[PDB]
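The data below hold one chain only, encoded as C-alpha cells and taken in the form solved without the named molecule.
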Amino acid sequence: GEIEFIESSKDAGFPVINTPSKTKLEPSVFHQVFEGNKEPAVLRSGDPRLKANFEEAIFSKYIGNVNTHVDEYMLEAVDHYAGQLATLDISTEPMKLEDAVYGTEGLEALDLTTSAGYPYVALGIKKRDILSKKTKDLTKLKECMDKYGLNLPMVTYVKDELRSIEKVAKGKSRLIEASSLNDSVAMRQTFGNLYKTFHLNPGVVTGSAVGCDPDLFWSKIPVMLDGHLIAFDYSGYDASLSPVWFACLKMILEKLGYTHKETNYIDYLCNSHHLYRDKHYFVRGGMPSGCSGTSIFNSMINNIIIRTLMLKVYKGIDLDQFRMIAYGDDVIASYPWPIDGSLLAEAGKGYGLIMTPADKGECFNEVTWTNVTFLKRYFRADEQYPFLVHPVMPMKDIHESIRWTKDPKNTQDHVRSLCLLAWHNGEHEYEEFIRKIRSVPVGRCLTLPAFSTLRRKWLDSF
C-alpha cells in the first residue's frame, strides 16, 4: 500500500474528525503487584515519550506497492485454494438485512460499541441512534443508507492499547479504519454467508482460524498440521499489500461464484479514502484494518500468498500435501518435507512483503511444536490427556494486561478473562497468579475460579 494523495480536510469540505487524544488506559490496582514494561500507545504528536515523528511513524507502514500482473504462480495458487473452498459450498446469495445486522448463526450482531464512521461521526449520530438490539429496527438504517449511500471515507483512529517501550518511543501506534455503518452493512449483506462459512469452519480447508476458540481449536491444530512446521512473521502485512494481491482475491471470489459487480467492494478496500483528524488521504493498496471482513480477507490473501511463494521457489511442490491456517497475517503451516523459509521470505520481498523469522527469531527454519506460537500462544500437550493441547498465553503478557485498565468497573470481567488464559500455564503458576491478585483488597472481592474447576470444565468441553 502507498499513500497517493494527502491534503487538509477543509479543502475538500470535510470537518475535522475529533478522535481521542488521551488514553483511556490507567494503572490498575495491580500495577505495583505485578511486573511489566508496556505503556499506552502514543495517541498524539506532542507525546513527551516520543523519540520519533509521530505522523511519519504511524503512516510508515505504507511501504509502497509492487506493480505487477497476476503471474503464473498466483494463478495456480488461486486455483488450488479455490478448489478447497469449493468443498464448503459457500453461498454467494446476499445475506438478509436483519441477519446481517442483528445476528445469525456464524455471524454475531454488528458491534454497537464501535464507530459508526462517516458522516455519522461528524453529526453526533451513534450506532445506537440508528439501531436497537431489542426491536431489530431496520427503518432508520434503511433511511440512512438511502440518504448517504455507499463508498464513504473511512475514519482513521489510533488504537488505544498497551505497547512495548520500543513501540512507544518509535511512535509505532496502530491505526484502525472505521468503515461507515453504510459500507459495513452492505459488505455484510454481500459477503455475510462467506463470513458465516469461515467462522463455522476454522481449519485447513478454509485455511483460517478467524473466530476460533483456542481452548478447543488447539487440540485440532496438530491433527490438521501433519508434517514439518512452517511459520514466519510479517512486518506490516496489511499495509504492505499491493493491489495485485487484491486482484488475486477478486479472482478467487469470482471462482466461488461472486459476480464482477459483487467483487467491486474489494476495490473499496484496496483503493481507499481515509479521514484522519484534520487530513484526508487516498491509499493505493493496503488492507484497511477495521472494515467489514478484513481479518477474513487478510486470511484468504495469506492463503494465496504462501502458495504463490512455495510454487515460485519449489517448482515441483505438491500443494495437496501442504496445510496452513491463517489469522490475518499470522500463519502456522506444514509440509511433509523441510522447506527453507528464508527462500520464501526472499520471494516474498519481490512481491512487496516483509517476512522475518518467526517470533523475532534470529534465523528461519528453527520451528518446532515446543517453540511455535500462533495468536501469541504456545502449544503444550496435556500431561495426562496427551491428545488435548493447552493454548499457552505467556504469563508475561497476562501480567502486562492486568496492570492497566480502561475502566475499573470492569475489574471482575478483566481478571476473570485473564484467569481463563493463565491456568494453562500450570497449577503452580496459576496459584501464584491468584495469590498476587489477592494481595490487594480488590482481589479478595473477586469471584476467581479454582484451578481444578477450570481444568474440569476444559476437559469436559471436549
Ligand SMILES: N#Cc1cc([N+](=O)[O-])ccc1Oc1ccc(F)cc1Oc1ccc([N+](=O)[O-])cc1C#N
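Just count from 1 along the sequence shown to find any residue number.
Keep in mind that the form solved in complex with the named molecule is not shown, yet the notes after this line are about it.
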Heavy atom within 4.5 Å of the named molecule in the deposited bound form - the one residue of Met310, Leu110, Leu85, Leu141 that qualifies: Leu110
Going by heavy atom distances of 4.5 angstroms or less, which of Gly348, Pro202, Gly293, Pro243 would be at the interface with the named molecule in the deposited bound form? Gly293
Just to confirm the contact call: exactly one of 193-201, 223-231, 274-282, 69-77 touches the named molecule in the deposited bound form at a 4.5 Å heavy atom cutoff, so which is it? 193-201
4.5 Å heavy atom contact, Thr114 to the named molecule in the deposited bound form: yes
Partner contact for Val210 in the deposited bound form: the named molecule, 4.5 angstroms, heavy atom: yes
Hey, in the deposited bound form, is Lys127 touching the named molecule, heavy atoms inside 4.5 Å? yes
Tell me, yes or no, whether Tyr327 is in contact with the named molecule in the deposited bound form, where a contact means a heavy atom of each within 4.5 Å. yes
Sequence order please: the residues of 28-49 with a heavy atom within 4.5 Å of the named molecule in the deposited bound form. none
